[PDB]
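Letters A, B, ... mirror the listed sequences (proteins, then strands); counts begin at 1.
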Number of protein chains: 2
Amino acid sequence: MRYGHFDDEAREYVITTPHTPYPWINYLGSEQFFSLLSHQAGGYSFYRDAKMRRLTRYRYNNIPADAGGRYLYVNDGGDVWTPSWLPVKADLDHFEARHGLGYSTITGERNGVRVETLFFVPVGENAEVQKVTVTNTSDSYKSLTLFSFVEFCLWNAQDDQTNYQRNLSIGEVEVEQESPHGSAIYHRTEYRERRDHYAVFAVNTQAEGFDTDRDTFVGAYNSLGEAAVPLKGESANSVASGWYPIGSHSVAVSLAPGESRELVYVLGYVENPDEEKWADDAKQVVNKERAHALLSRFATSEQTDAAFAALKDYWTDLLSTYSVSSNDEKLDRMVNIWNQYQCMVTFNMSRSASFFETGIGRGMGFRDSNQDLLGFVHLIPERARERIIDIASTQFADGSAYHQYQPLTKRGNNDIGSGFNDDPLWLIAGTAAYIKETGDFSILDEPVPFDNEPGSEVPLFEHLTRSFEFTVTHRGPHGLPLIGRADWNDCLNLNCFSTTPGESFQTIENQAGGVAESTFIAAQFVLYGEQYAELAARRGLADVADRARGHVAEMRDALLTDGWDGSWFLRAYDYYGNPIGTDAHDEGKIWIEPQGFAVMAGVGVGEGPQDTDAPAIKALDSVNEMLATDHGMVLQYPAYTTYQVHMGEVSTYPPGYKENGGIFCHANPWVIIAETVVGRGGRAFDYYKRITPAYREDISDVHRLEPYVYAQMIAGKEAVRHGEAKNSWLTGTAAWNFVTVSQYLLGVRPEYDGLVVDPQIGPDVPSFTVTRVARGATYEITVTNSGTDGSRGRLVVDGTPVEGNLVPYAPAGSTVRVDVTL
Amino acid sequence: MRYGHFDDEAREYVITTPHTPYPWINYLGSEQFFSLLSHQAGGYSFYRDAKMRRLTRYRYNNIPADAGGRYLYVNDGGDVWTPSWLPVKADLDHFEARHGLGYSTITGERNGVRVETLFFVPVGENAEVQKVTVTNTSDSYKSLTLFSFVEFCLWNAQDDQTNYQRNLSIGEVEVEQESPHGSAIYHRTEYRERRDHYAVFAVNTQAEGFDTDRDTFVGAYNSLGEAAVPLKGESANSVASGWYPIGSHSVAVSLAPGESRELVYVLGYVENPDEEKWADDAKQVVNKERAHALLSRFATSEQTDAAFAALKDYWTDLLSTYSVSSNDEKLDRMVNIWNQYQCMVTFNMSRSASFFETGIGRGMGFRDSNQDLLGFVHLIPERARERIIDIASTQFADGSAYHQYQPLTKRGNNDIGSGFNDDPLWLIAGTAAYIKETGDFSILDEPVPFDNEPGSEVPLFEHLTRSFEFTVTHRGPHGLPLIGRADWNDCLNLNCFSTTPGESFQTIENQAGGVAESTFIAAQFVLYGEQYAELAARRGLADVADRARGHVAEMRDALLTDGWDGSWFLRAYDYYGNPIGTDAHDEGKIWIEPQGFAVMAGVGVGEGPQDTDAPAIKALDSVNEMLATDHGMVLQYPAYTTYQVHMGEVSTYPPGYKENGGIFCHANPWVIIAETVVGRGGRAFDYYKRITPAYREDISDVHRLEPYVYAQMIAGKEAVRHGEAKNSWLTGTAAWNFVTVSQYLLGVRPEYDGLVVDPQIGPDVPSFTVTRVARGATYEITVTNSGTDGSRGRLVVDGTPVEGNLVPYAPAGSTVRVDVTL
């Protein structure tokens with residue numbers, strides 16, 4: 001069944017009931033200020049870093065889930081309810097939530113009163129704005145009191161929920177009932193000491209009353225659904241001192257029948273230079289200038305409506321670089337709106353904060369963030385270029401890298417492990433995708449520190465050299481790269497041997513030495529090793545390019561000789577040089593990661609799909625018999641049913657879950673792309689449709705999570721919950737699936753010299769058009785597609801048959817028309 | 001007002017309403033298994049380490065507070081309620097909670113049904129047992145279904161609530177409806193991998209049904225008060241796979257009028273040797289032998305009643321070493337029951353887990369744990385002796401110490417900072433108190449590693465030498481000890497200079513060098529420097545003792561010359577050698593810590609209370625004019641009203657809270673003891689009564705927290721919440737207040753050569769008797785007390801006047817009668 005439906009004209013997902021299988025969230029903001037907002041107004045907001053600057057408090061694993069957030073309590077002659085349904089859970093006559101691009105609306109109506117709240121983060125603002133429209137839909141007059149509500153976090157989210165022994169005594173606010181445009185409350189915890197920032201929570205009318213103390217507003221022994229102040233019908237005017245600061249105004253509203261009233265609430269992040277912090281000599285009063293400035297920018301409905309319209313315009317421009325028109329409207333929906341939109345979210349937030357990721361331990365992953373670029377280069381290239389510099393700056397001089405870094409400070413840390421040997425090659429992966437998209441080679445010349453260290457700056461191209469050489473100088477006995485702590489698969493820990501609990505595998509000390517090798521990193525070196533060689537060559541460094549091609553050539557032979565099991569690729573060699581991922585074993589015979597990535601690098605590829613004997617065809621066929629399920633390909637098979645002490649975290653998950661037999665969706669695109677490489681478009685599209693949101697919308701009761709974005713993992717076939725997703729929104733899946741569908745199934749992809757047009761999608765999409773803006777020119781590409789295996793497109797360029805599948809770049813301002821037959 | 005009352009005959013605090021100002025908790029267990037239990041059955045259980053082996057889940061900062069726990073849902077013909085009131089919050093005809101020693105009972109009755117639950121951790125058991133008595137108090141028959149409930153934590157409490165991205169997929173159980181004595185559920189998360197332990201949750205009858213999945217039992221969009229299974233009236237028989245494992249049995253009960261039924265529930269921690277983990281070859285099934293064993297030990301009411309009775313006997317024996325009889329029944333209550341009981345809790349749990357301490361970041365503090373001993377040596381000396389070895393083993397070889405260590409592993413860590421220069425001298429403090437209590441000098445000869453390192457073992461006496469010398473070799477320009485990161489006052493950070501947020505002061509890198517000195521550590525070196533010298537002397541090391549006495553003598557002169565402000569002692573010298581705690585400044589003129597501790601070391605003490613000119617008398621008088629409040633003495637005065645960037649965390653608290661003007665209760669005893677040293681017993685008792693639980697019981701609406709135990713901090717007079725406590729139960733206050741009241745106000749204290757009897761308590765306790773068992777002999781001490789300043793007791797020993805205030809130790813088995821006049 002389903003719990004909503006897409007509105008494509010409006011670019012929304014419409015949720016038509018509060019009763020979803022799980023809270024379904026949207027992200028607001030796309031720059032430096034971000035809100036997680038569920039279809040029940042639950043979630044929170046943070047500036048730049050969800051661990052370090054979290055404005056509002058959110059409880060994960062709450063009972064019930066998502067039972068805190070941005071609430072508006074409506075008092076109608078004693079009867080109190082919330083338009084978001086939760087927390088009060090009063091019966092409503094109408095409920096609807098629309099999740100849009102950077103905005104959502106939530107409408108709830110009861111006993112002839114309707115509240116619509118629009119939530120968004122305005123372009124160029126560090127604030128979350130709410131436009132509330134209250135409508136009398138009844139026959140007679142209405143006298144209402146509205147109580148806004150939000151609960152502050154004390155900035156440090158980790159301190160906020162572990163350190164009450166100090167926390168309970170630092171909560172400080174300032175109250176401003178007569179603000180120049182209404183009323184505002186200031187959350188200024190720790191402003192007295194080191195923080196130069198505070199939050200403001202304001203309404204654009206004179207509020208009747210306020211509250212800043214949670215225990216007063218909610219009342220003893222009470223849930224947010226039983227909150228006392230809204231029930232008494234008048235604010236308490238509480239002034240927090242320690243305990244739990246909140247933001248809350250009451251507003252009196254009288255409405256004739258059919259009359260509506262509009263209110264604008266604002267939650268802002270404000271920052272004063274240290275010299276400019278105090279209004280007063282005594283340093284007791286926050287300087288409020290910048291906050292008033294913000295509040296004057298949203299003092300009226302007109303201003304709010306214009307900011308909303310600017311945000312539409314912003315997304316319209318962003319979505320204008322790639323789109324498609326076909327018979328398949330789910331396909332179209334994903335390519336044109338939701339996947340590109342999700343890619344923007346993953347670029348900004350990485351893997352740190354969702355309704356699964358707690359925005360505590362994880363910042364920006366070195367490998368996750370490089371991979372996110374592949375899906376974001378087309379959207380905003382300038383910000384993509386800057387991010388590459390920031391990531392490369394967390395690389396060490398020996399070519400090894402900080403596994404992740406902190407969003408606020410941009411500085412690397414070892415909080416979730418160090419010494420993952422697959423990390424360095426990803427840097428090449430993102431830089432090359434950026435230069436193909438833009439033609440901007442000048443980034444190779446940007447100076448970049450090692451470990452953020454001044455005076456260590458060398459050109460970014462030299463960072464890429466260190467990345468290539470790191471692998472070159474860390475190969476094992478078979479010539480395959482030494483694995484280290486792990487590769488892309490974080491739970492493949494062959495240098496660990498921990499039999500005692502209490503410490504994560506990701507951070508636990510590793511035993512030095514051994515010969516543990518990785519076929520995945522091997523594939524990775526072949527793929528990104530070439531890209532690095534081609535950059536060196538274009539740079540004019542011919543000896544360098546040739547040496548590297550030599551090393552790539554060698555790793556290719558090593559992969560086929562010592563990394564090949566007979567019917568598929570091996571996965572690794574353990575610390576003592578024993579194979580992993582062989583038919584010789586009873587469990588974990590076949591792993592997806594090497595199969596997809598090796599065939600993507602061209603390894604084992606023969607002449608046709610017809611040439612079944614080619615290693616790539618076998619590995620892929622083995623993958624279809626052993627790994628593929630209705631809901632996607634599982635990670636390896638069979639799952640391990642007992643702890644493999646020499647292998648780390650992988651076998652610690654119950655079978656069918658996560659790294660042990662789960663469907664990691666991120667790995668799927670790799671196989672799908674491989675299928676297009678070997679010419680089986682129909683198979684490749686099928687893999688695509690099984691894990692793609694628009695196609696799984698009709699089994700929303702199985703998937704459970706959002707029908708409009710990719711998830712990290714789906715319960716695999718050895719799991720009793722097979723089909724159910726976890727960890728939605730924040731996943732490499734998004735970027736990699738965009739790369740897959742846009743560049744290999746539809747087949748329009750940037751190269752340094754031209755646009756390649758080489759579709760491979762099968763009989764299910766007989767005709768389509770791609771509109772692609774590249775290098776300042778627009779390419780209109782019409783494809784007539786027979787779907788046949790092994791059949792690749794023949795180009796006509798501006799009415800004239802041409803050879804090959806590459807169209808060289810036209811001057812900006814040009815319009816090129818490409819017609820493809822296959 | 002009050003919310004309960006003491007029952008002294010039963011040794012209980014009786015809470016007569018659910019509606020307390022804050023959840024009021026008790027601790028169950030006194031060995032290796034521990035439960036936090038509130039008067040609403042909220043809380044959780046853990047084995048040895050509250051961070052690492054937490055069986056059950058608990059939410060801090062919940063809305064409402066304490067809304068999860070060990071519940072029993074009563075279904076009476078469709079009407080569902082809980083005897084603990086929360087979570088359902090149904091009206092009850094009767095409610096009562098009794099908090100006892102290692103046990104509590106909770107009774108709730110509604111519509112002619114009464115449930116009494118007794119909660120305890122049995123002596124010698126790693127389990128929490130519940131004896132439930134259900135009574136039909138109505139006129140007709142009752143058919144009830146009872147639903148037990150508890151929610152598991154996944155052992156690692158920190159992982160459990162930050163790491164859902166992995167957590168949601170590892171939850172595993174086993175269900176055993178036909179257990180040999182009833183029915184049991186097994187929580188076995190991560191047993192598949194590195195854990196050799198699992199939890200069992202069982203009932204001693206055949207349960208009608210079970211649930212192990214929280215979302216099924218509670219139902220979507222529901223709180224625990226709206227839980228669905230109890231309302232439908234039959235279990236769902238859910239088998240968790242990932243998500244949120246719980247434990248739950250339904251039991252059918254039919255009762256004639258006035259009939260009662262008894263049920264025994266058990267929550268156990270079980271551990272199998274690695275060889276003995278599986279029942280089966282396949283390793284899919286936990287070996288259940290040890291769990292069945294446990295369950296057969298509580299299969300009947302009779303067995304449960306005997307374990308309860310053994311626990312009474314255990315506390316009776318423990319409380320038999322020190323007691324008193326006087327006119328003051330609040331005084332008596334504290335000395336005889338609650339303070340000694342609290343001292344046992346602090347010895348076991350330290351500062352790690354309460355309703356304020358999250359049982360995440362803190363293990364066993366090196367200084368907290370040494371100080372806890374002073375209050376626990378008299379109770380169980382054998383376990384005290386062992387703890388001293390464990391603490392000393394976390395000391396480094398240069399004499400410096402790990403600031404805290406992990407309870408499970410006993411290993412030191414720097415999680416909450418390193419390099420606190422007051423830490424090493426505390427080790428002397430606890431060892432000396434142990435040897436005075438026991439006469440066991442042989443502990444000085446026990447071999448002890450530095451940093452838990454095998455082969456580094458030296459005799460404990462040598463650890464004490466390193467402690468003394470560390471101070472000797474780290475003194476500043478005035479001869480006072482260099483402060484380091486901080487002293488006993490953790491927020492006095494003079495080597496910090498951090499103006500950027502995001503990192504705690506306690507762990508943040510300190511700037512090397514400077515001359516920051518501490519007068520507190522100075523006092524500390526004088527007090528514990530003598531104790532170390534006297535041990536060296538008794539050891540026969542005469543050169544060593546004399547050298548040390550020389551150094552103590554010097555530090556005494558340094559404290560009076562360069563640590564004296566004129567009317568009180570200075571607090572410190574900052575990094576550049578500028579004073580802190582001087583009348584020359586507008587804020588923080590006077591700090592409590594040096595005043596109490598210096599006068600306790602004898603520094604500045606003259607001939608009489610009459611000699612007002614003596615520095616000790618001045619400092620104490622300054623302390624009464626400037627620091628003392630109705631609720632206790634604040635830490636310093638005036639509070640700082642702006643960030644002092646050169647001073648660390650202290651000024652980051654709002655005035656009147658914690659280290660910035662709060663009443664730290666732990667520091668109070670030091671002044672109180674000092675008052676007895678200078679002979680002002682009436683003043684000393686007054687300070688005592690202001691912060692002591694039995695005396696503050698009549699302002700329970702002000703104190704808010706438990707009326708039966710000490711808290712860490714009370715809002716100081718510059719706080720708008722002046723009088724309100726935070727951080728109850730876990731505080732050095734307990735140990736230090738026991739030392740104060742038992743050894744200096746009542747004046748009976750152990751010395752190596754005899755019992756000293758030297759009461760100093762004032763006119764409010766004109767007569768009393770102390771019964772003190774020391775060295776195997778019983779001393780009966782009757783005191784006739786005029787209360788007069790400067791008047792010290794004259795002893796009569798077994799009917800015969802003697803000189804001095806020391807009674808030498810009699811052979812075990814002896815009874816000595818001491819009569820004191822003053």
*asked:* Applying side-chain hydrogen bond (donor to acceptor under 3.5 Å, both in side chains) to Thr162(A) and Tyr60(B), what does each step give before you reach the verdict?
replied: CA-CA 9 Å; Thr162(A) 62; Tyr60(B) 292 78; over 6 Å; no
_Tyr22(B) vs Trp243(A), test: ring pair (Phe, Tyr, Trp, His ring centres under 6.0 Å). Steps then yes/no._
CA-CA 12 Å; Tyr22(B) 202 72; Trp243(A) 294 101; 5.6 Å; yes
_If I measure from the heavy atoms of chain B, does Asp49(A) come under 4.5 Å with its side chain, its backbone, both, or neither?_
neither
*asked:* For the CG atom on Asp280(A), are there more than 12 heavy atoms of other groups (residues, nucleotides or ligands in this structure) within a distance under 6.0 Å?
replied: yes
_With chain A as the partner, which of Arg351(B), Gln158(B), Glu649(B), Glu659(B) has the greatest number of non-hydrogen pairs under 4.5 Å?_
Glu649(B)
*Contact winner vs chain A - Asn222(B), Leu224(B), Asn156(B), heavy-atom pairs under 4.5 Å*: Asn222(B)
*Is there side-chain contact between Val720(B) and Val239(A), with at least one heavy-atom pair below 4.5 Å?*
no
_Geometric cation-pi criterion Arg192(B) and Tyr640(A), 6.0 Å radius, 45° cone_ = no
*Give a yes or no on whether the backbone of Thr500(B) and the side-chain of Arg194(A) come within a donor-acceptor separation of less than 3.5 Å.*
yes
*Give, as side chain, backbone, both or neither, the part of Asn727(A) having an atom under 4.5 angstrom from any heavy atom of chain B.*
side chain
_Region of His19(B) that comes under 4.5 Å of a non-hydrogen atom in chain A_ = both
*Heavy-atom pair of closest approach, residues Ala282(A) and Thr642(B)*: O-CG2, 3.8 Å
*Side chain, backbone, both or neither: which part of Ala715(B) has a heavy atom under 4.5 Å from chain A?*
neither
*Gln165(A)/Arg362(B) under side chain to side chain contact (heavy atoms under 4.5 Å, CB included): CA gap, chis, key distance, verdict*: CA-CA 11 Å; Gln165(A) 67 87 26; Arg362(B) 326 176 57 167; 4.1 Å; yes
*Using a 4.5 Å cut-off on heavy atoms from C-beta on, say whether the side chain of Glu151(A) contacts that of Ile63(B).*
yes
*May I ask you to name which of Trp85(B), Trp155(B), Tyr653(B), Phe355(B) has the most heavy-atom pairs under 4.5 Å with chain A?*
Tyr653(B)
*So which of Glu226(B), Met52(B), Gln40(B), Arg214(B) has the largest heavy-atom pair count under 4.5 angstrom toward chain A?*
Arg214(B)
_For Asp159(B), which atoms come within 4.5 Å of any heavy atom of chain A: side chain, backbone, both, or neither?_
neither
*Tell me, out of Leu86(B), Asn660(B), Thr499(B), who's got the most heavy-atom pairs with chain A below 4.5 Å.*
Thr499(B)
_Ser241(B) versus chain A, the contacting section by heavy-atom distance below 4.5 Å_ = both
*For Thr20(B), is it the side chain, the backbone, both or neither that has a heavy atom under 4.5 Å from a heavy atom of chain A?*
backbone
*asked:* Between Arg59(B) (side chain only) and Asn61(A) (backbone N and O only), is there a donor and an acceptor less than 3.5 Å apart?
replied: yes
*Using side chain to side chain contact (heavy atoms under 4.5 Å, CB included) as the criterion, point out the one residue from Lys726(B), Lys658(B), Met713(B) that pairs with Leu168(A).*
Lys726(B)
*Taking all heavy atoms of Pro654(A) and all of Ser169(B), pick out the closest pair and write down the distance.*
CD-O, 3.2 Å
*Which pair of heavy atoms, one from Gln284(A) and one from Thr641(B), lies closest together, and at what distance?*
NE2-O, 3.1 Å
*Could I get the full list of side-chain hydrogen bond (donor to acceptor under 3.5 Å, both in side chains) partners for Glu190(B), not counting sequence neighbours?*
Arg166(B), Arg195(B)
_If you count heavy-atom pairs within less than 4.5 Å of chain A, which of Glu357(B), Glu172(B), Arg57(B), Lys89(B) leads?_
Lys89(B)
*Who passes ring-ring contact (aromatic ring centres under 6.0 Å, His included) against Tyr3(B), sequence neighbours left out?*
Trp24(B)
*In Å and rounded to the nearest 0.5 Å, what is the CZ to CG distance from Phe356(A) to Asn167(B)?*
12.5 Å
